[PDB]
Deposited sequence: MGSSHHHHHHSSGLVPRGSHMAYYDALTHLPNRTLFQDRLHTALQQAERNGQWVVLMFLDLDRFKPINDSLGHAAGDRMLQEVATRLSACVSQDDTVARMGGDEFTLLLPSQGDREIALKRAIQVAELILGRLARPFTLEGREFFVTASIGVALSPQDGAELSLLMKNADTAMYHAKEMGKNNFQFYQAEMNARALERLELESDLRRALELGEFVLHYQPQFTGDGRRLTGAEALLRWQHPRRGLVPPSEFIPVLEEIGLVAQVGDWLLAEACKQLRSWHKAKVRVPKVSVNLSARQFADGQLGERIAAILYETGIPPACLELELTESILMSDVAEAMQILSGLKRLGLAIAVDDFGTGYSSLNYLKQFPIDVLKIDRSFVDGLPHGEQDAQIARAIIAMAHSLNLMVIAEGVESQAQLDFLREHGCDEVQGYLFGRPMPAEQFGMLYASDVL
């Protein structure tokens, strides 16, 4: 079409502007964000090889974005990208960071024409609608301004139009950098929180809890760095380290006459979706010599109930491995009672938020009784988390809560102190 660049087959300037306008009008109607990127090359060649290079650039750019994103060619050495329908500021910001890093990484790679090797460098400017403009020409002014800022900083850079996003981008990249290194140097450590029978007479297991100690940031809370791990391929690899470390710990504790009956590991949504999950778990159980009965997986009702049919199969695979399954944070999500019984699950965990109102919050008291009753109706065992007070414990015990966990019974703890404190 007259609307496409004859060489790269990408939309031309006018078509791209129409789609940008459309994306802006729609975003504004749905309270969504749009990312606009401008990209310039210094190249860095031959005439025919030149046009062949632009073609390779184009291919590489298309490969960095999804189905719904547009890549286009403004002219000469300038390309633009459009990432529409981003749910909010932060999704937009992360997706922009991710796409821009991906692009610079792909364009770093050498261009192999005439048998030989060439390099190009790129400068990228990024502007996010609506904040940097909800109108196409303002959004473009600002992406272009960011681009030139990116140039004024040297080779292979991306800048946002907002300084605040540039700062946040730089830090995010450093965090990612540190987390890769954390795994390489082993800066992660496992702490264990003990689990008891409702009376407190007895230790039923330990919940393993990832911590991260960085020399400068100090100790980073799991809630900060875990989501970052899963936003890369890092989490499966960290999960492997963790599972193996807990299995080894179990080994040492048994050797040292510390009778810990089992250990619980939390799983993210990403780990749960992984096709090799059960395979990697079996692999680790085999290396460490520990049986599946010693292990329990903890998944949130949001992870299980989003796609119930898929979850049924994944869970069934894991049970055939002989391991137990607990539904973490229970009561904070949306659950089919139907599938709660069909899923081969073992345990419900009463979220801390409900335990916190005990014993004199009517709402929290009734919700907690209800969970216990559900659990026992489905032959599930339930443990209350976040038990911090004698009164909470009295209530839960009085109403048949099977197991209990919380600061009242001692904080999360490194393995050796754990053994001594609960031997």
> Relative to the deposited sequence numbered from 1, which residue ranges are unmodelled?
Replying inline: 1-20, 65-70, 450-453
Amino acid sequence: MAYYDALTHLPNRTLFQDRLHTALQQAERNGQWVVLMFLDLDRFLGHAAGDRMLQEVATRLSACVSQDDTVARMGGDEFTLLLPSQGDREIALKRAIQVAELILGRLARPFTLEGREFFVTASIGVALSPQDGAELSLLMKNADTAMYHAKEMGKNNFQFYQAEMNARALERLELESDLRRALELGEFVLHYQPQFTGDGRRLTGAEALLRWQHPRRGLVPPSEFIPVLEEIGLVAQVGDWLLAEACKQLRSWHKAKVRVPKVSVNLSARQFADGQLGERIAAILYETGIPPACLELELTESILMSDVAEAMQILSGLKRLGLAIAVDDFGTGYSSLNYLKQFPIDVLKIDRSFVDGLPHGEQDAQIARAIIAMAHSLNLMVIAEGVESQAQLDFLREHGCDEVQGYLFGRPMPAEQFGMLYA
From here on, numbers count along this sequence of modelled residues.
>> Mean Cα B factor from the PDB record: higher for 337-345, or higher for 112-120?
In response: 112-120
> When the C-alpha temperature factors are averaged for each of 29-37 and 52-60, which stretch ends up with the higher value in the entry?
Replying inline: 52-60
> Which has the highest CA B-factor per the PDB entry: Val189, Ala283, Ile226, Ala167?
Replying inline: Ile226
> Per the coordinate record, which of the options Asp144, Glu279, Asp199, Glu207 holds the highest CA temperature factor?
Replying inline: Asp199
>> Per the entry's values, where does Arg13 land by CA temperature factor relative to the rest of its chain, in the lowest, middle or highest third?
In response: middle
> Taking the entry's C-alpha B-factors for this chain, is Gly400 in the lowest, middle or highest third?
Replying inline: middle
> Taking the C-alpha B-factors as the PDB entry records them, is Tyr161 in the lowest, middle or highest third of its chain?
Replying inline: lowest
>> Is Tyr148 in the lowest, middle or highest third of its chain when residues are ranked by C-alpha B-factor?
In response: highest
> For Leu358, does the deposited CA B-factor place it in the lowest, middle or highest third of the chain?
Replying inline: highest
